[PDB]
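J.: One file: final21.pdb (PDB, C-alpha atoms).
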```pdb
ATOM      1  CA  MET L 229     250.908  52.244  69.175  1.00  0.00           C
ATOM      2  CA  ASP L 230     248.114  52.285  66.596  1.00  0.00           C
ATOM      3  CA  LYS L 231     245.217  53.049  68.933  1.00  0.00           C
ATOM      4  CA  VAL L 232     247.267  56.193  69.532  1.00  0.00           C
ATOM      5  CA  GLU L 233     247.855  56.696  65.819  1.00  0.00           C
ATOM      6  CA  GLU L 234     244.120  56.750  65.078  1.00  0.00           C
ATOM      7  CA  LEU L 235     243.307  58.833  68.151  1.00  0.00           C
ATOM      8  CA  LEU L 236     245.773  61.537  67.136  1.00  0.00           C
ATOM      9  CA  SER L 237     244.189  61.461  63.692  1.00  0.00           C
ATOM     10  CA  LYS L 238     240.588  61.540  64.935  1.00  0.00           C
ATOM     11  CA  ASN L 239     241.437  64.340  67.371  1.00  0.00           C
ATOM     12  CA  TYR L 240     243.022  66.330  64.551  1.00  0.00           C
ATOM     13  CA  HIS L 241     239.894  66.167  62.404  1.00  0.00           C
ATOM     14  CA  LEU L 242     237.682  66.872  65.421  1.00  0.00           C
ATOM     15  CA  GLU L 243     239.644  69.958  66.491  1.00  0.00           C
ATOM     16  CA  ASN L 244     239.336  71.322  62.939  1.00  0.00           C
ATOM     17  CA  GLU L 245     235.556  70.741  62.922  1.00  0.00           C
ATOM     18  CA  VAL L 246     235.171  72.514  66.264  1.00  0.00           C
ATOM     19  CA  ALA L 247     237.193  75.394  64.892  1.00  0.00           C
ATOM     20  CA  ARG L 248     234.941  75.653  61.812  1.00  0.00           C
ATOM     21  CA  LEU L 249     231.746  75.360  63.850  1.00  0.00           C
ATOM     22  CA  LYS L 250     232.748  78.056  66.351  1.00  0.00           C
ATOM     23  CA  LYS L 251     233.478  80.473  63.520  1.00  0.00           C
ATOM     24  CA  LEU L 252     230.224  79.554  61.734  1.00  0.00           C
ATOM     25  CA  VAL L 253     228.297  80.090  64.989  1.00  0.00           C
ATOM     26  CA  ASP L 254     229.869  83.505  65.346  1.00  0.00           C
ATOM     27  CA  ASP L 255     229.113  84.473  61.765  1.00  0.00           C
ATOM     28  CA  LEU L 256     225.499  83.464  62.222  1.00  0.00           C
ATOM     29  CA  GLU L 257     225.284  85.379  65.527  1.00  0.00           C
ATOM     30  CA  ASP L 258     226.259  88.568  63.720  1.00  0.00           C
ATOM     31  CA  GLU L 259     224.232  87.968  60.584  1.00  0.00           C
ATOM     32  CA  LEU L 260     221.217  87.341  62.825  1.00  0.00           C
ATOM     33  CA  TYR L 261     221.657  90.513  64.899  1.00  0.00           C
ATOM     34  CA  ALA L 262     222.522  92.579  61.823  1.00  0.00           C
ATOM     35  CA  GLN L 263     219.267  91.126  60.529  1.00  0.00           C
ATOM     36  CA  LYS L 264     217.304  92.262  63.584  1.00  0.00           C
ATOM     37  CA  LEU L 265     218.734  95.788  63.471  1.00  0.00           C
ATOM     38  CA  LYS L 266     217.888  96.051  59.764  1.00  0.00           C
ATOM     39  CA  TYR L 267     214.371  94.894  60.700  1.00  0.00           C
ATOM     40  CA  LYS L 268     214.089  97.377  63.568  1.00  0.00           C
ATOM     41  CA  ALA L 269     215.335 100.167  61.294  1.00  0.00           C
ATOM     42  CA  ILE L 270     212.946  99.175  58.534  1.00  0.00           C
ATOM     43  CA  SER L 271     210.215 100.199  60.970  1.00  0.00           C
ATOM     44  CA  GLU L 272     211.858 103.419  62.116  1.00  0.00           C
ATOM     45  CA  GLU L 273     210.981 105.186  58.853  1.00  0.00           C
ATOM     46  CA  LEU L 274     207.605 103.378  59.171  1.00  0.00           C
ATOM     47  CA  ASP L 275     206.852 104.796  62.626  1.00  0.00           C
ATOM     48  CA  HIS L 276     207.174 108.176  60.906  1.00  0.00           C
ATOM     49  CA  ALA L 277     205.079 106.870  58.023  1.00  0.00           C
ATOM     50  CA  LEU L 278     201.704 105.732  59.387  1.00  0.00           C
ATOM     51  CA  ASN L 279     202.248 108.207  62.263  1.00  0.00           C
ATOM     52  CA  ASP L 280     202.567 111.161  59.920  1.00  0.00           C
ATOM     53  CA  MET L 281     199.909 109.749  57.577  1.00  0.00           C
ATOM     54  CA  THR L 282     197.336 109.529  60.361  1.00  0.00           C
ATOM     55  CA  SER L 283     197.405 113.148  61.544  1.00  0.00           C
TER
ATOM     56  CA  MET U 229     248.100  53.847  79.543  1.00  0.00           C
ATOM     57  CA  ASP U 230     248.989  57.530  79.840  1.00  0.00           C
ATOM     58  CA  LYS U 231     248.698  59.396  76.570  1.00  0.00           C
ATOM     59  CA  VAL U 232     246.210  56.815  75.283  1.00  0.00           C
ATOM     60  CA  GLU U 233     243.992  57.807  78.200  1.00  0.00           C
ATOM     61  CA  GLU U 234     244.609  61.533  77.681  1.00  0.00           C
ATOM     62  CA  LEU U 235     243.812  61.117  73.985  1.00  0.00           C
ATOM     63  CA  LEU U 236     240.524  59.295  74.686  1.00  0.00           C
ATOM     64  CA  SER U 237     239.386  61.937  77.136  1.00  0.00           C
ATOM     65  CA  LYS U 238     240.209  64.745  74.677  1.00  0.00           C
ATOM     66  CA  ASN U 239     238.398  62.821  71.940  1.00  0.00           C
ATOM     67  CA  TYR U 240     235.314  62.396  74.124  1.00  0.00           C
ATOM     68  CA  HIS U 241     235.145  66.085  74.971  1.00  0.00           C
ATOM     69  CA  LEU U 242     235.650  66.977  71.289  1.00  0.00           C
ATOM     70  CA  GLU U 243     232.783  64.761  70.082  1.00  0.00           C
ATOM     71  CA  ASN U 244     230.428  66.354  72.610  1.00  0.00           C
ATOM     72  CA  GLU U 245     231.637  69.833  71.663  1.00  0.00           C
ATOM     73  CA  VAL U 246     230.958  69.139  67.971  1.00  0.00           C
ATOM     74  CA  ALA U 247     227.466  67.846  68.769  1.00  0.00           C
ATOM     75  CA  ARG U 248     226.688  70.935  70.860  1.00  0.00           C
ATOM     76  CA  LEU U 249     227.999  73.413  68.267  1.00  0.00           C
ATOM     77  CA  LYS U 250     226.125  71.538  65.572  1.00  0.00           C
ATOM     78  CA  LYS U 251     222.918  71.999  67.548  1.00  0.00           C
ATOM     79  CA  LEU U 252     223.685  75.696  67.886  1.00  0.00           C
ATOM     80  CA  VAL U 253     224.266  76.186  64.162  1.00  0.00           C
ATOM     81  CA  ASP U 254     220.986  74.455  63.368  1.00  0.00           C
ATOM     82  CA  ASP U 255     219.071  76.750  65.741  1.00  0.00           C
ATOM     83  CA  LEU U 256     220.677  79.900  64.320  1.00  0.00           C
ATOM     84  CA  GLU U 257     219.928  78.749  60.753  1.00  0.00           C
ATOM     85  CA  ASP U 258     216.289  78.280  61.772  1.00  0.00           C
ATOM     86  CA  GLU U 259     215.981  81.688  63.471  1.00  0.00           C
ATOM     87  CA  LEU U 260     217.685  83.294  60.491  1.00  0.00           C
ATOM     88  CA  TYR U 261     215.479  81.509  57.957  1.00  0.00           C
ATOM     89  CA  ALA U 262     212.314  82.330  59.871  1.00  0.00           C
ATOM     90  CA  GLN U 263     213.396  85.969  59.978  1.00  0.00           C
ATOM     91  CA  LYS U 264     213.819  85.931  56.221  1.00  0.00           C
ATOM     92  CA  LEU U 265     210.309  84.598  55.800  1.00  0.00           C
ATOM     93  CA  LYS U 266     208.955  87.616  57.690  1.00  0.00           C
ATOM     94  CA  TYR U 267     211.264  90.112  56.059  1.00  0.00           C
ATOM     95  CA  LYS U 268     209.968  88.694  52.749  1.00  0.00           C
ATOM     96  CA  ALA U 269     206.245  88.404  53.565  1.00  0.00           C
ATOM     97  CA  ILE U 270     206.446  92.049  54.643  1.00  0.00           C
ATOM     98  CA  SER U 271     208.225  93.241  51.493  1.00  0.00           C
ATOM     99  CA  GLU U 272     205.587  91.559  49.329  1.00  0.00           C
ATOM    100  CA  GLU U 273     203.127  93.819  51.153  1.00  0.00           C
ATOM    101  CA  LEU U 274     204.875  97.057  50.214  1.00  0.00           C
ATOM    102  CA  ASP U 275     204.466  95.819  46.643  1.00  0.00           C
ATOM    103  CA  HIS U 276     200.723  96.097  46.908  1.00  0.00           C
ATOM    104  CA  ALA U 277     201.482  99.287  48.833  1.00  0.00           C
ATOM    105  CA  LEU U 278     204.029 101.628  47.181  1.00  0.00           C
ATOM    106  CA  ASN U 279     202.529 100.885  43.743  1.00  0.00           C
ATOM    107  CA  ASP U 280     198.971 100.716  45.125  1.00  0.00           C
ATOM    108  CA  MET U 281     199.193 104.474  45.277  1.00  0.00           C
ATOM    109  CA  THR U 282     201.404 105.134  42.258  1.00  0.00           C
TER
END
```
Starting from the file, lay out its structure as structure tokens.
T.:
Amino acid sequence: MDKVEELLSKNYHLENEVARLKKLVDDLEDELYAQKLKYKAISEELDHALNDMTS
Amino acid sequence: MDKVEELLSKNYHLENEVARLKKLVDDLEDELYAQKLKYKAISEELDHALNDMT
């Protein structure tokens, strides 16, 4: 029928969205952790900075 | 009546999945942004720092 026609259509668009969101969510997960490691490393040279500047 | 019912159920689960993923993306974008505001605020401090001694 037609209620089936539109449902197939709506489900097609929905499945695509879900695909794009899952990938986006993964990309952000990585970007965010990469971010945290870059932040943690930014301090590593710093721990040696104020630490070696003190004594 | 058979597939029309299957279709509706799939559709329902998809709409909820989209809404949940959408909420997840928004949270990650916030965390990420917030992290950039600290990364930045910090950098601006080295400015007064590395050159402060130059």
J.: Apply the ChimeraX specification (/U :<6) & /L to the displayed file and report the matching residues as a ChimeraX atom specification.
T.: /L:232,239,246,253,260
J.: How would the residues just picked look written out with C-alpha atoms as an mmCIF file, keeping the file's coordinate frame?
T.:
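Final output, saved to part.cif:
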```
data_model
loop_
_atom_site.group_PDB
_atom_site.id
_atom_site.type_symbol
_atom_site.label_atom_id
_atom_site.label_comp_id
_atom_site.auth_asym_id
_atom_site.auth_seq_id
_atom_site.Cartn_x
_atom_site.Cartn_y
_atom_site.Cartn_z
ATOM 1 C CA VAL L 232 247.267 56.193 69.532
ATOM 2 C CA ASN L 239 241.437 64.340 67.371
ATOM 3 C CA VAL L 246 235.171 72.514 66.264
ATOM 4 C CA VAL L 253 228.297 80.090 64.989
ATOM 5 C CA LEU L 260 221.217 87.341 62.825
#
```
J.: For residue 256 (chain L), which residue among U:230, U:258, U:280, U:270 is the nearest when counting all atoms listed in the file?
T.: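 Nearest to residue 256 (chain L): U:258.
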J.: Have a look at CA of residue 271 (chain U) and CA of residue 283 (chain L) and let me know their distance in Å, one decimal.
T.: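 These two atoms are separated by 24.8 Å.
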J.: Work out how far apart CA of residue 235 (chain L) and CA of residue 251 (chain L) are and give it in Å to one decimal.
T.: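 For CA of residue 235 (chain L) relative to CA of residue 251 (chain L), the distance reads 24.2 Å.
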J.: Put the listed atoms of region 232-248 of chain L in a box along x, y and z with 4 Å added on every side and give me the centre and edge lengths in Å to one decimal, as JSON.
T.:
```
{"center_x": 241.4, "center_y": 65.9, "center_z": 65.7, "size_x": 20.9, "size_y": 27.5, "size_z": 15.7}
```
